[PDB]
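Enquirer: experimental structure and its sequence below.
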Amino acid sequence: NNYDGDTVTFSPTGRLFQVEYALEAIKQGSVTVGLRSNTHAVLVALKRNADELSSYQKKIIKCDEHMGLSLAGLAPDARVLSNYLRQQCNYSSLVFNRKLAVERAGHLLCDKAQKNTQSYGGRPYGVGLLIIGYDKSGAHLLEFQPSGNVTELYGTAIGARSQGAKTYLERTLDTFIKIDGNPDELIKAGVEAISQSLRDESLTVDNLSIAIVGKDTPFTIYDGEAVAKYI
Amino acid sequence: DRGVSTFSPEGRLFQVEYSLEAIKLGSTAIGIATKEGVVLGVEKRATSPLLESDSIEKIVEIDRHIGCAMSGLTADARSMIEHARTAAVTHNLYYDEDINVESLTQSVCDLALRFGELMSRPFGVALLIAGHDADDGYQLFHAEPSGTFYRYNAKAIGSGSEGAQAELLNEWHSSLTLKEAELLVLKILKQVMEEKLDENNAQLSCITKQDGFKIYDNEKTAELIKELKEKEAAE
Amino acid sequence: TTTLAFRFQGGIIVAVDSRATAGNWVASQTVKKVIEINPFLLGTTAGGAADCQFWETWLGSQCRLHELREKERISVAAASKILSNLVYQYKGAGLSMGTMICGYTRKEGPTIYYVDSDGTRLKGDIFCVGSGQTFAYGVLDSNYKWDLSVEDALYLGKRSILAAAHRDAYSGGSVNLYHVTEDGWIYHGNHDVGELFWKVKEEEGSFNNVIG
Amino acid sequence: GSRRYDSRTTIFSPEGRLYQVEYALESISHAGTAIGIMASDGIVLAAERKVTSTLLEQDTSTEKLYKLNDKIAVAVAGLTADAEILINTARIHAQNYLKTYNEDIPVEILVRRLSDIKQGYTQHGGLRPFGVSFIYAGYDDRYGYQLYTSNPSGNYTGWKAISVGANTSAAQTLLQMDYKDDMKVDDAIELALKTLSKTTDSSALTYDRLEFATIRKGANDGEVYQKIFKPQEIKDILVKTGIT
Amino acid sequence: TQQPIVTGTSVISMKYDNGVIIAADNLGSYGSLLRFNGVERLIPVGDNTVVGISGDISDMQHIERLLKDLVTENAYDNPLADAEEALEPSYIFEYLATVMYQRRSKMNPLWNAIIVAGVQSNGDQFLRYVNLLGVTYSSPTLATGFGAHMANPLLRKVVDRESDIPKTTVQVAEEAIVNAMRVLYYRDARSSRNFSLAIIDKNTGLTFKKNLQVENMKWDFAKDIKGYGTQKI
Amino acid sequence: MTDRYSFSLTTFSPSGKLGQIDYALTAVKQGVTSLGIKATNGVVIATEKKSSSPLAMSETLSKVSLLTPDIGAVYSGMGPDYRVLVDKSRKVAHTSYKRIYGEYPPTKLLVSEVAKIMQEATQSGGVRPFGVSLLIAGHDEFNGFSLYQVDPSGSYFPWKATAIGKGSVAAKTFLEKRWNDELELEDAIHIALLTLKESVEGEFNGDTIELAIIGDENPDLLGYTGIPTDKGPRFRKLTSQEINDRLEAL
Amino acid sequence: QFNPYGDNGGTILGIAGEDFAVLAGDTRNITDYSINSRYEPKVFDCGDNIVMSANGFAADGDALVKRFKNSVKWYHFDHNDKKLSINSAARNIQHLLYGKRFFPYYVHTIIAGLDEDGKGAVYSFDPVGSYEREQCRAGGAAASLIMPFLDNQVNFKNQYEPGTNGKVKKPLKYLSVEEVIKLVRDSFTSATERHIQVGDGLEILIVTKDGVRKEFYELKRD
Amino acid sequence: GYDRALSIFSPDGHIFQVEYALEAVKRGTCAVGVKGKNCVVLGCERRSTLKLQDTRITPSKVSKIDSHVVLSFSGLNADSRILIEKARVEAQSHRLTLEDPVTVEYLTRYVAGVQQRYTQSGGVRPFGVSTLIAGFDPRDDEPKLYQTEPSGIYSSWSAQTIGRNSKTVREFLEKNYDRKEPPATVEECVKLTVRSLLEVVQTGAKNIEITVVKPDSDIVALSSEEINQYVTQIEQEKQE
Ligand SMILES: *[C@@](C)(CO)[C@](*)(O)[C@H](CC(C)C)NC(=O)[C@H](Cc1ccccc1)NC(=O)[C@H](CC(C)C)NC(=O)[C@H](CCc1ccccc1)NC(=O)CN1CCOCC1
Ligand SMILES: [Mg+2]
């Protein structure tokens, strides 16, 4: 009310309203789902269009050969944060000849988002990210929120009506976690998960967006006729 | 007052949303993409009859293979075009090749959110970026001050945008010829324009792989206007 | 290097050799020393290879930006001055460039500008630049007239490079010919000295110093 | 942050006026009146000191009339402290010109640069404008004797006779009435004092409440002399014109 | 622009079937003066890497601090710091190689020659060299300073190419290293008798040996040598 | 972080007033009375030492300050603001004059430099005006003795005699009756003590009154001998005993 | 005074065929009269069917290759996974080299691959970025020994048709991958014989539309 | 540095600071530009509440940017000096690098760009000025007349007016100016310009300034008597 003019102001109950309003931008964004087994990690994203004449907004971005994310909210902010991740992944490779740990990737994003919530003039990032990756400790899935809070999970979902997919994954936890050495079945589980967040619309060929990374699988994105298999 | 980079309770940037209102006040611009080329057309909208309409430059070349049409606070587009031209030429210098239309649009959209308390406010102009490259062929992009860009088969921006867009929804199909697209832009422009459409208050342009980006003469457009009127009366 | 360009009745002739050296080591015999800036502008390159090629490709980008911004092809004067002002900023840093900006525009007509790395910029009708410039001057000056035909002018330019290619140790390989008219530049072929020398010797009856 | 406390000194009103410039002019309108009158053979500068106290040291005092160089002087109306900042800048600018060209600075050039500084404070920087209006009186070999005025807006104009500060409306009407083009310095001296004498808010105009200066070619052959009047010299000129 | 003051001489090393061996004497020379005798020039990083450093000792101590700090930084927010996300020899080397080349590029080098010896997580032997110029190379045997001239020839007789590595045991490999250290004591004027030796094995791990001495030396023949040509007494 | 206050905190109001300067003058009005009187052969400056507590040692707090050997200063208003101004005033006398001309500045020019500092606090970003009015008494070879007042606006006026602060209105009236152009220094000191007794309420003695003069050169206070041209400081602070001697013949 | 440059010796060689291209280089690394490594590769697969080698001062050579490899990576990120053509790579490398015009990379760079018509391509660079496409180029310590041999055997220079009175030149033709590898091996054995900094081993990288293949051969170790 | 974003968008999509800068232009004295067949004429109003002025030294309303281009304006006088100075510097800079004087379009584009930059730069307010830029391109005889405004938009005009009561004089020009046949001579062009100002000015004494620009750097300012002759001629023809 009087305490939402900027990010540098606390409310009387100890809330940061600008951070909460940034969180609201994610809820308006299109749904995206993340899940993993022990061998592979999968991102599934429902892309959104302006109208029938327009293209479908790309939700998934590659960060390295072993890491990438899906976005929900302000796309330009995802571009800034993904670019930062690309550089940090790259710095780790050039300097230490070392693939950046997915956990460190989360720590770096947390700290970058935080600085924007404590200083005058700047604003919080208006996007949520689901980072997947395969590093020296196996498959990983992270959930980034622009408050700074990063959380490692077996599966999750963010965006509009994400609660449907998140409930499904909470039921399916014991099943999909053990889908080891089988990419297509882990994707199927993700596609069935995102389907629990659909209303009136269904998954079409230029609507669905899937990405996968794993043990002997570099981070690759599937769009167009390549996802027709999973409909 | 309040911060420039402030979020509303709904989760939108106030200044970005207000700049979108400025674009709605602007003159109409329409773009249509085909397999034979991309057509760009604009409403000039002279504020007075004494104003020499040929000096109204709302369609602009970025490179030989990329063209651009604008709508809104058109003065703000000058630094955007300057950046686009430099980005295009610079990439040719670094890589001895034409730059992808998408990559060019992305470079322009990176300027968009570089405002706050960098420039003092967002741009008050929307752009239709049309071009061709070897990979993705003929393309049409709509670049907003939010930093977002969508590819379009056809798109209208400006004051008559929502009425024109609904018309483009019905008329567009994947087998449109270049000549058919040219007439379609003129047709839809004449429908949404306040004053009566002619060669002096409206301008056409296109981009083809063979001849590159070309702004049409007032003589050429006048014949297309005459061809358009005859075809509508013919049934 | 040996490069020349001269102005005459029928426009501009531009001729260059194709050798590149690193000391006495002949590093290449097939270097392109004429840079096509646009259909109406040419630039020649003598001196440091990288310096000339890098900054003249850059010059082409600056000339392209001019015609985008101004909706008009850049003048030969303005193009040459962009390059001369650039190298002048680097004066003392050790750039090595001996170039000639040749072209046609409506307002100027056929025009040649000599531009070098110590900031010198000169408009003129005849210039020869490079380690073998003096050898080219000797033949060019002694046979030059304004009323030369396009055929004779092309040959003189070719013959002048050949003369320098023969005598100058740091020039040779092949001759690249260009002709600049009101309609733009026209390429007149690559001419290997290996065959061109003996062809000229026999037909012309010149080069009597050499064992036939 | 600090946005909360920003007055925004360099913005337009809905009517297209600069708030701070307008309010600075309102401030200047309460300052002691200063009058400039340009004659064919010289210039007069007359100014009224702000409500003087009897224990004020009058002879070793400078409030209104300042010297910029040997050929140019100014009369001040507004905040004195603000005026001194601008005066030192103007003095430096004149010396830079002399150092560069080996010639004394033309009057307009000095006036323009000082007026450009004021303009800057209205368009950028977020600072308050200088609450000062100058009357420039000077001479150069191009235009001869010149009178200018500048105000917080940074706008300057040339004059034959002008007033700044308090009661300019009444003062300008009186100058416009009695001024004529073929006027001499001694006549202009009389006009300047008579105008102040009628427009003054004080009971009676006296020597101790005035500053006076002339810029004549009254020196020996083709050269200009600046005369900043002493207290006794003002007392004499006031008696000579029959005001006291 | 520098000049080295207190200096360390040769660092020698080689690969064997299950790991790597590295050695360096304990001397800190001050020109011709053999100033400091208790200098350790082999610095372990974790339980799987040893960095051997020659050249300027002040810069060596700086590099020690960097490696020490690298271990600390790696442990931050890292539950697997003593497991999968522990520091590898290749990570440690690439870091040093980056620093060395950055410093030479700023015309202010770390005046050192460095050999990073260790065993990777997958069991592979790691042995790579880097110096003040940022020049890097790898070989079955590596040595710095006089070691390059005198040790390498002797160590290459044992492991001349890649295929000789599985055929070389830790006993044979250590014997060659210890022999090389003796030869260097005979012939290098800025060497000492006392040295340290480190073995990084993929099975038995890191074995760090301190206070070794060159022994079994041949000096007896000296008594027979008289004069410089014609002298008989 | 960083100073984001790059804008003026003093601005013109619709009526043409500069609020912060007016309010600064109001703070000076609340301040304790101080005064200055110029004689033919000297200047005197004086003020009351308002003690915050009887446990406090009022000798440690100096309201009258030496700026140069021939210039002194006193104030009315906010003490801390005055203290830092004296520090800056002393430094600027060296940096902008003595290090250039090899001699101390004349009174009017040092006053001009102090006025400049106070003017900048009226216009510069993120600062308030100084809440003090200064009285600066001094001597120099070509101008002789002089007395100046400096206000929060940066405006300065030369005075024959004046007063500032709490009871300045009554004190100025008192000085108008007593002042003439033939006053000797001792007569000016006597008038200063009479004028100050009117505004002081409690104890009136050498311990509660602070008083200094700009008069004859003091070779005994120089600290060295051997250079004839160096004759010693004209600024002298009167002792507690010296004041009480003049209070008996009052 | 500190000298920031060094000479790591070695030599490299690029030959272009009709539908293939090879980039060869010896594996010896040296300083002064000492051998640092008998097998230290300096010919690298950089992705997008581009092979690269930067011979001379190894530290600068590694830095450059490292930077170009990184340039290829960011080219994909910024331009929708577009394949970097050999001509575009060459121009990019010019800017890398000329970027340090006043503190150069002391290396002779050669890249090889296929052009956009599917034909073999070899580009060569001087230390400060001057580049040229050729059928043939040798670089490094033994370049002066190998290059004239290549002129004769690859481009058929100074070779005329027998019995034509030195009037008809030997006609240019593309060489098979088998014939090219023969010339590479003979070039390196000859260079090994007469140049001290060349020997130990030879590593060839062959580039066809199918991908990047490797071949290794022993060289004399003296 | 002072960073505040003074020019910003409002809910209805307007930048009020730019629009309030237009109000300052509307307050300014009237300025008019009319281009003929072989010339351009810049007319300017001078308010007559200022007597006792010195017209020798008072800044003229029309300013030369180069020997071939001129700039008049309406709005804040102090602001106009900054634009004129920048334009004059750019004019010399262009001659230095391109070895050719600026075109009228280029000079206008530059000035317009400066005005635009002040609409989205922190710590600055827009210029309260609209300009009329007129002249002839080098080695060209086609007349050029451009207009700029605080927002930064610029455009070419056959004839145009700006400042106070400009909507009245624009109304006059719109019916009196023929595109098919512009003022054939200098006299015809000046007369139409004076006529248009006489709809608004008051008296045709020392209130109207006229400046005529012709090809090849031929610029001259008319005196009082010369202008007064046009005023006398127009009034006699009016009484009919
Ligand atoms: C005639 C042929 C006489 O030079 C012409 O002037 C030609 C002009 C053409 C090539 C555009 N100029 C040259 O051939 C020019 C001569 C020269 C050499 C050095 C400095 C200035 C001028 N040659 C070059 O520029 C060569 C071109 C190579 C062979 C493709 N380049 C070099 O010599 C390079 C880079 C020189 C350099 C410049 C600035 C900073 C650092 C280096 N140098 C080497 O390759 C060194 N060397 C070659 C032998 O092998 C060991 C390394
Ligand atoms: Mg050999």
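Expert: Thanks, I have the structure now. Numbers count the residues shown, from 1 in each chain, chains lettered A, B, ... in the order given. Ligands and ions are numbered 1, 2, ... in the order given.

Enquirer: just how off-centre is the lengthiest helix in chain A within its chain?
Expert: Taking DSSP state H as the assignment, the helix of chain A that covers the most residues is helix A:75-96. Here the centre of mass of C-alpha atoms in helix A:75-96, compared against the chain's by CA atoms, centre = their mean, to the nearest Å, lies 15 Å away.

Enquirer: what's the answer for stretch F:221-236, then?
Expert: How far stretch F:221-236 lies from its chain's middle: 23 Å, per CA atoms, centre = their mean.

Enquirer: again with stretch B:122-132
Expert: Shown here is stretch B:122-132, whose average C-alpha point lies 6 Å from the average C-alpha point of the whole chain (CA atoms, centre = their mean).

Enquirer: longest strand of chain D?
Expert: strand D:132-140 (DSSP state E).

Enquirer: that one pairs with which strands, parallel or anti?
Expert: According to DSSP bridges, strand D:132-140 has the following sheet partners: strand D:72-78 (antiparallel), strand D:144-150 (antiparallel).

Enquirer: just put these in JSON lines and tack on distance to residue B:145 and mean neighbour count.
Expert: Just so you know, the C-beta spots here come from the backbone N, C-alpha and C atoms, and that holds for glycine as well. Formatted as JSON lines, the entries for the strands paired with strand D:132-140 read as follows, by distance: least, CB to CB, whole Å; neighbours: other CB atoms under 10 Å in any protein chain shown:
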{"stretch": "strand D:72-78", "distance to residue B:145": "44", "mean neighbour count": "27"}
{"stretch": "strand D:144-150", "distance to residue B:145": "41", "mean neighbour count": "24"}
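
Enquirer: could I get those strands as a markdown table with distance to ligand 2?
Expert: Compiled in a markdown table, these are given as follows (distance: least, CB to the ion, whole Å):
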| stretch | distance to ligand 2 |
| --- | --- |
| strand D:72-78 | 87 |
| strand D:144-150 | 86 |
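
Enquirer: does the host helix or strand of residue H:133 come close to chain B?
Expert: Under DSSP states H and E, the secondary-structure element containing residue H:133 is strand H:129-135. No: in this structure, strand H:129-135 remains apart from chain B according to CB under 8 Å from any CB of the partner chain; the gap is never smaller than 12.4 Å.

Enquirer: what about residue C:109, how many residues nearby?
Expert: A count of neighbours around residue C:109, defined by other CB atoms under 10 Å in any protein chain shown, yields 12.

Enquirer: bridge partners for it, pull those for me.
Expert: Per DSSP bridges, the residues bridged to residue C:109 are residue C:105.

Enquirer: from residue C:170, how far out is it?
Expert: Between residue C:109 and residue C:170 the distance is 34 Å, computed by CB to CB, to the nearest Å.

Enquirer: wait, residue C:73 sits on residue C:37?
Expert: No: when contacts are counted by CB atoms under 8 Å, residue C:73 is not listed as touching residue C:37 (10.3 Å).

Enquirer: quick one: which of those two has more around it?
Expert: residue C:37 (24 against 19).

Enquirer: so the more buried one: helix, strand or coil?
Expert: Secondary structure state of residue C:37, per DSSP: H, G, I helix; E, B strand; the rest coil, is strand.

Enquirer: what's it in contact with, if anything?
Expert: C:43, C:56, C:59, C:60, C:63, C:79, C:101, C:103 (CB atoms under 8 Å, 6 or more residues apart in numbering or on different chains).

Enquirer: mind running it again at 10 Å?
Expert: By CB atoms under 10 Å, 6 or more residues apart in numbering or on different chains, residue C:37 lies in contact with C:43, C:56-57, C:59-64, C:74, C:76, C:79, C:101-103, C:185.

Enquirer: check residue C:102 too.
Expert: For residue C:102, the contacting residues are C:5-7, C:11-14, C:34, C:37, C:40-44, C:76, C:80, C:110-113, C:127, C:178, C:180, C:185, taking CB under 10 Å, 6+ apart as the criterion.

Enquirer: what about burial for those residues, which qualify?
Expert: Listed as buried from these are C:5-7, C:11-14, C:34, C:37, C:40-44, C:76, C:80, C:110-113, C:127, C:178, C:180, C:185; burial here means 16 or more other CB atoms under 10 Å in any protein chain shown.

Enquirer: those residues in strands, which ones?
Expert: Counting by DSSP E, those place C:5-7, C:11-14, C:34, C:37, C:41-44, C:110-113, C:127, C:178, C:180, C:185 in strands.

Enquirer: out of those residues, who's near ligand 2?
Expert: On the criterion CB under 5 Å from the ion, none of the entries of these sits beside ligand 2.

Enquirer: need the three-state assignment for residue G:171.
Expert: For residue G:171, the reduced secondary structure class is coil; criterion used: three-state DSSP.

Enquirer: what's the local residue count around it?
Expert: Here the number of neighbours of residue G:171 (other CB under 10 Å) works out to 8.

Enquirer: same question for residue G:142.
Expert: Under the criterion other CB under 10 Å, the count of neighbours that residue G:142 has is 25.

Enquirer: same deal with the one 4 residues further on?
Expert: Residue crowding around residue G:146 was assessed by other CB under 10 Å; the count is 28.

Enquirer: and if you look at residue H:138?
Expert: Here the neighbour count serves as a burial measure; for residue H:138 (other CB under 10 Å) it reads 16.

Enquirer: before we move on, what about the one 5 residues further on?
Expert: If you count neighbours by other CB under 10 Å, residue H:143 ends up with 24.

Enquirer: could you check the angle the longest helix along chain G makes with helix A:75-96?
Expert: With secondary structure taken from DSSP H, chain G has its longest helix at helix G:58-78. Between helix G:58-78 and helix A:75-96, the angle formed by their directions is 160 degrees, by axes from the mean of the first three to the mean of the last three CA atoms, to 10 degrees.
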